[PDB]
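Asks: Next one to model:
(4 chains, ligands or ions: 5)
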Amino acid sequence: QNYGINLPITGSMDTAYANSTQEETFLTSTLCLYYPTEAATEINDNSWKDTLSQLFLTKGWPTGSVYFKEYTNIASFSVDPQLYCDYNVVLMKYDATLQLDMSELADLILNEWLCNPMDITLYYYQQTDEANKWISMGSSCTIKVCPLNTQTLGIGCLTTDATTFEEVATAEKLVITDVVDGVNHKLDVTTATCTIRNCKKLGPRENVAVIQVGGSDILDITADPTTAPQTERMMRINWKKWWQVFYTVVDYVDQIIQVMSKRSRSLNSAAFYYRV
Amino acid sequence: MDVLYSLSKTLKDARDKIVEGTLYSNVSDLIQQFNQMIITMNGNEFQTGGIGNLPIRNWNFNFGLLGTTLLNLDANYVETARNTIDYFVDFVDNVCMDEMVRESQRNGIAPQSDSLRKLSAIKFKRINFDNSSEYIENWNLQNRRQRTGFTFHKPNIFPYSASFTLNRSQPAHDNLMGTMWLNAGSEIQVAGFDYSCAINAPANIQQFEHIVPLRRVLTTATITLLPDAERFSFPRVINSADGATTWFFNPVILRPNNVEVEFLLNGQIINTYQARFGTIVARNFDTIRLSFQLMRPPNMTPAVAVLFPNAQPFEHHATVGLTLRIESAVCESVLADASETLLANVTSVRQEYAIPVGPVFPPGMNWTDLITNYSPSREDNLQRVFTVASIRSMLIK
Amino acid sequence: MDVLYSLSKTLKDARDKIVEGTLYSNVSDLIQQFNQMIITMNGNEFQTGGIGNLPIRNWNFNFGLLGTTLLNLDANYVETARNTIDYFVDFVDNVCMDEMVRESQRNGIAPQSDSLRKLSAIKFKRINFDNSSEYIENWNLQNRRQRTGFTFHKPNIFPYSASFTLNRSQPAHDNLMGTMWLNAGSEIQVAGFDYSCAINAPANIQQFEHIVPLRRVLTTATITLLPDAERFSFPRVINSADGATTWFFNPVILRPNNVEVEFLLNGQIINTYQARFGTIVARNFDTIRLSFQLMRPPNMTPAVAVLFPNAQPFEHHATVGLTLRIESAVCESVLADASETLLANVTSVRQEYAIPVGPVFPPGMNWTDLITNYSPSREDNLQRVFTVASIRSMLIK
Amino acid sequence: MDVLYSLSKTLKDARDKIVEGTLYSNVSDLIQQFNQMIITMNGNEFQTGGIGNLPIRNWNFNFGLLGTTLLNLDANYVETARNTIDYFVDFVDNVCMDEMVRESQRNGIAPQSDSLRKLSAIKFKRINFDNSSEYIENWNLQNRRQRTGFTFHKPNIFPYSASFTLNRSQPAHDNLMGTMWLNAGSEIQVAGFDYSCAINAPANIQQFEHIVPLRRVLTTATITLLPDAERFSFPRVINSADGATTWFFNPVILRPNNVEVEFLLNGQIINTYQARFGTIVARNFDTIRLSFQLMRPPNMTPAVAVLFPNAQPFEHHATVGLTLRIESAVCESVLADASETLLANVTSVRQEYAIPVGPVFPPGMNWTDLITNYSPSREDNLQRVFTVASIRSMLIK
Ligand SMILES: *[C@@]1(O)O[C@H](CO)[C@@H](O)[C@H](O)[C@H]1NC(C)=O
Ligand SMILES: [Ca+2]
Ligand SMILES: [Ca+2]
Ligand SMILES: [Zn+2]
Ligand SMILES: [Zn+2]
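Replies: Numbering: from 1, shown residues only, chains lettered A, B, ... in the order given. Ligands and ions are numbered 1, 2, ... in the order given. Here you go, the structure:
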């Protein structure tokens, strides 16, 4: 039914509303709760997943609809984060050391990135506009950037010596690199354990929320210094026991689901707008 | 029809000119008309009413002539004429209410009541008097196929309409583009919006357009144009197109850039105005085409630059609007307006006597439903009923 | 000029009173006028048109008199008179369009076309009939130097103007003070603002003032005054004075304190009104002086007190405004208004026949440019052309 | 106008009845008409032409009467009358070409040329003869507001239109659904297609619909309906909607299932026909609504079953079409058709004398542009010019 074309939509400003339809969303869709692997250590139970899923039945979700996964830390969750089910929300502890790496994970999963491959040996590289970033993840990434000129000579670097290159990353599981836009560069990714990837952001992701368990509330999801917005789906709650953290999520499903939406890529109507 | 106006004209003048103490030469030609009414009307008999709750009355005329021999009129001459005028003015009320209530679909311009069909004989044509009112002059010019014209003050030419159009949308409803409008009475308020404020548009300019077709051709209009839509200026929540969800609209307002208003007639540009506000004219048109565009300001103070970022969260949405208003125009078909009460006299008769819905007019005489589908079968009925309502307004307010 | 109105008055009455079947005594004095038109006009010959695309036509009058011997008029008598009226009513259209299109700068009150100069002889003065219209009565009273007056409904006395004034400013544009206004048609909306909300003013009161001078003296006006400017109530971004940068204006609105409206005439206070809203009168004035002030509220709930701090970041700016509107007034010179269409008939003739720009009127008959510099040379031309447009509206709508 | 037909009627009869050797009693009443033409026309003088390359000619009438004293007409009587007829028949050609070439926008039904305005006096009304033609009879019935009617053979009621509509599409263009049509002259050929042949439709049935609104109301039409569109039956390549790419259409043709043709008038169903082909009637309508559907055949031989698989590569596309054709109908406004040449006489005069584009008619008298926007201002001009073209066709073919 006319998948590729864009067509305008008209509609009157005097039309009666539909029904409530928040219930029917709970009957059909799925839910994924994520937690660090030390949360289940304090719980001291092998049936607490059974215990929680009895409590989700009260708020309308059926039995086989809520899925639970684990991770060790945000350093090892971020080597490959992939979100599978319809709605989900992630839970992370506050670390005063991991300032930037909490903002990297909240950049990677809360937005949507269109990505192209790269070849360090063969070509020379540059960023076109403000939406172009170099997302690189793996076991151990170390990136050195040698900027060139209009004659392809080095500026501050020797284009043969790899020691005179200029380092932006050291042994990280994930890197998002912003360099100056419009200058050809020469690259030194250790590609045996890393994988650099020319990416490009579209509009953000609508089905994931982030619960920052404890600490202050700072997350630079954007790239500029001049702004740093705190959107609807990033939030913060304090803790002493991981039981109380889980009871608050189960009690207030109807508000957390309200703040997020379905992934607009996942629909039928995006059939040639990058996701069938 | 022509003799129904001629009965009401010389009953209006008979209550005005035949007063006590006046000189006889002031009324020497009215009495020759009023006596010649009576001679034609005697011996006949009529019957009005019968539809709805309108009661059936029988009329019978047996009166005597007026005296033509005084120098100054006295109180005997006035009081013997008032009890003749008061019987005729009760007869004309019940013929005019009998005709405003009936309608036909084949030929609506013909008389429909039983009494007005009987008055259209050549026996009754000698009652004919001058035809100087606006609606009876346009009744006669249009009956010979000559060009007519009605002058209106703020004519109800637009049906009620309040809607929108989204040229760019997604289910999150946070990056939108399109127009909103209100068309009601004789006023158009259109407003175009863009949430990104043309950050990725070519040359940072977003083009808008809104085209309003009319139902009848207007002539020599006086139009006021002002560069703000004051109705689409405040934060509001709006439902979706199919009534599923709701979406939020928080405007800030720039000025409209590069405004062009065009006045079309069969696709031909009659008039055009480019960045010219205030009062304008429009000599002949039947389609109004508004065009205006949003331009991102190239220089911004630090208080402005925080409002429009490059990234996705747009909390302050840009808005550009116009406002058009027709003050007075000349049409050729009958309409409703803000000065005269001919539409209010027709509906008040039908509502009072509980009249069933007929084949032509909308239920309840809804003007929004009547100007939407304004067929030539409804135009002939609407002129026939507004003209009878104009005759009744001379005698009975 | 007086005989051009007298031709149109008895052609309007000839189509209204000479109908089929009417009594002869109803039209016994019109036929003596209509026969005496024809006797004066026979043997003469005229010529109209020639400027722009207005074509050249030649006129020649050789007609016969009407019969004065019937008792009731029949269809022979009507149809032999309609083919005489239809030649005269075509002649008057082409004389009125020949005069609305021409103009002079030395003495604009004199006739300019070739046909209207020829009708101003004493041979043609016997066609003169009654002068009962509004514009032909004020043409004669003003020609003898007696006091005249035109009655208007919402007169276009204000030229279009939308601007501002900053009494306190800096290049950051974050602590401002001044007024904003819109003057358009017959409506004034002024609004004064202060970003600090009088935190450092003496006695926490900031005084505003806005003075509007008129072009002509109005008499016995009916004025509606309401204590809010609804146009300057929403957040907007405004350019600077020289178009360099833009600045942001986010209002919250208090009530206007200590309102005084004054109505001046040669610097003398004729009327004054102090904190009195609704409908007011103004008997004689030519300058409106609005005065109102902002007062910081001394007691504030905790929801209000967060809006107005002591320090520099002011995110909610205080705003005080008024709204004035003239409903109806009596002037002495001609103007435009919202009820009658005399301005629309003049511009529609000039636009249709592609008339070049002359020495007096603005290009395109722009009313904003014409009321701005409303010289006495333009006043004599504008009255001469609105009066001819009023004569043409009796015959041809 | 009525006397221009009356000049041409008795010049046509004068060349036919005044022959050599005929008896005098055969022409005894024509000569009394022809002598009474001459008496009215003597002493007058006329002037035609002036617009475009149409030359200016002056006309002057000073002729003598015909003899009324023979028993059988001889060659002296014929040859002295032929040199009078040949001057009048040259005069009527140049008045008819002067009127077909001019137009107005205010009141187009009035005469526009200088000669036809002069013939509309009561001096020239005694030339009036019988009015028996079709266009002069409908000129008089419509001038009194009575019901008229023109009878046409294949009327050009549809403007030219050839387009399509895709109800299901993708950029590969290999699984499509929608309709195609040609509306031209008096013929509609619509064809609906579906590439999947309803393999996933509910109950294997795909519904199509095509609605054609008319410009004027037709009456008592004779319509031929045949169940195949022969124009959309062969393989072709078609461009996209915006002219970007091209797409391929390879049809095989099933029969149309469940055909319903409806004939609407103000949204009311006047006539309906369900699976009835051949000749049908339509008494009163202004909107044709075709409805037909595709049904997948439930039983298929092995030669058919290979054509329609379940998977994606569809090399043979299903197609269902209809064909409608109006043979003859009765309208009330003038149109063009396939029998008479009144449109061809109007355009041939304007093309020959290099006439500039006026305010009403399209450039070049384009009939597709004229029936698309067929305003009431164009209807009054088009009837006035087709009627003059009908008068000229009696004398000069
Ligand atoms: C819902 O049941 O009721 C609505 C009106 O009360 C109606 O508009 C809508 O169709 C219904 N929706 C469903 C399927 O629940
Ligand atoms: Ca270096
Ligand atoms: Ca960059
Ligand atoms: Zn008003
Ligand atoms: Zn044929």
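
Asks: Now for residue A:244: which residues touch it?
Replies: Contact analysis of residue A:244 by Cβ atoms under 8 Å, 6 or more residues apart in numbering or on different chains lists nothing. C-beta coordinates here come from the backbone N, C-alpha and C atoms, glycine included.

Asks: Could I get the phi/psi values of it?
Replies: phi -70, psi -30 (degrees, to the nearest 10).

Asks: Quick check: residues of the stretch 201-350 of chain B near chain C?
Replies: B:220-222, B:224, B:226-228, B:230, B:233-234, B:251-255, B:271, B:276-279, B:281, B:283-284, B:297, B:299-304, B:307, B:316, B:327-330, B:339 (Cβ under 8 Å from any Cβ of the partner chain).

Asks: So which of the residues you listed sit within strands?
Replies: The members of these that map onto strands under DSSP state E are B:220-222, B:224, B:226, B:251-253, B:271, B:278-279, B:281, B:283-284, B:327-330.

Asks: Quick check: nearest residue in space to residue 117, chain neighbours excluded?
Replies: No chain specified, so I'll use chain A. Closest residue in space to residue A:117, ignoring its immediate chain neighbours: residue A:197 at 6.4 Å, by Cβ to Cβ, 6 or more residues apart in numbering or on different chains.

Asks: Actually, chain B is the one I wanted.
Replies: Closest residue in space to residue B:117, ignoring its immediate chain neighbours: residue B:111 at 5.1 Å, by Cβ to Cβ, 6+ apart.

Asks: now the residue nearest to the spatial centre of chain A: how far from chain B?
Replies: Nearest residue to the geometric centre of chain A (Cα atoms, centre = their mean): residue A:109, 1.0 Å. Counting by Cβ to the nearest Cβ, to the nearest Å, the gap from residue A:109 to chain B is 15 Å.

Asks: so residue B:337, which of the three states?
Replies: coil (DSSP: H, G, I helix; E, B strand; the rest coil).

Asks: That one contacts residue B:150, doesn't it?
Replies: No: Residue B:337 is beyond contact range of residue B:150, at 9.1 Å (criterion: Cβ atoms under 8 Å).

Asks: Please name the strands paired to the host helix or strand of the residue nearest to residue A:117 in the sheet, noting orientation.
Replies: Residue A:197 belongs to strand A:194-202 when assigned by DSSP states H and E. Strand A:194-202 has the following strand partners under DSSP bridges: strand A:112-116 (antiparallel), strand A:132-141 (antiparallel).

Asks: And for the longest one, what's in contact with it?
Replies: With Cβ under 8 Å, 6+ apart as the contact definition, strand A:132-141 has outside contacts at A:78-80, A:108, A:113, A:115, A:118, A:125, A:127, A:143, A:169, A:171-179, A:181, A:189-190, A:193-201, A:223.

Asks: moving C-terminal of that strand, what's the next helix or strand?
Replies: strand A:145-147.

Asks: Might you quantify the distance of that next one from its chain's geometric centre?
Replies: 28 Å (Cα atoms, centre = their mean, to the nearest Å).

Asks: burial of residue B:60, as a residue count?
Replies: 10 (other Cβ atoms under 10 Å in any protein chain shown).

Asks: List the contacts of residue B:254.
Replies: Residue B:254 neighbours (Cβ under 8 Å, 6+ apart): B:294-295, B:297, B:318-320, C:236-237.

Asks: what's stretch A:262-276 in contact with?
Replies: A:3-4, A:29, A:86-87, A:112, A:114, A:202-203, A:205-207, B:170-172, D:170-171.

Asks: first to last residue in that stretch, what's the distance?
Replies: Stretch A:262-276 has its terminal residues 14 Å apart, counting by Cα to Cα, to the nearest Å.

Asks: same deal with stretch A:251-268?
Replies: 32 Å.

Asks: Could you work out the most separated pair of the contacts of residue B:254?
Replies: B:295 and C:236 (15.0 Å; Cβ to Cβ).

Asks: And residue A:147, how far from ligand 2?
Replies: 10 Å (Cβ to the ion, to the nearest Å).

Asks: now residue B:150
Replies: Relative to ligand 2, residue B:150 is positioned 86 Å away (Cβ to the ion).

Asks: swap in residue A:120?
Replies: As judged by Cβ to the ion, residue A:120 and ligand 2 stand 18 Å apart.

Asks: ok but that residue is inside a helix, no?
Replies: No: using three-state DSSP, the secondary structure at residue A:120 is coil, not a helix.

Asks: is it true that it touches residue A:189?
Replies: Yes: between residue A:120 and residue A:189 there is a contact under Cβ under 8 Å: 5.2 Å.

Asks: any residues in contact with both of the two?
Replies: residue A:196.

Asks: rewinding a little: out of the contacts of stretch A:262-276, which sit inside helices?
Replies: Per DSSP state H, helices hold no members of the contacts of stretch A:262-276.

Asks: circling back to that earlier point, measure the residue nearest to residue A:117 to chain D for me?
Replies: Residue A:197 sits 27 Å away from chain D when distances are taken as Cβ to the nearest Cβ.

Asks: burial count for that residue?
Replies: 14.
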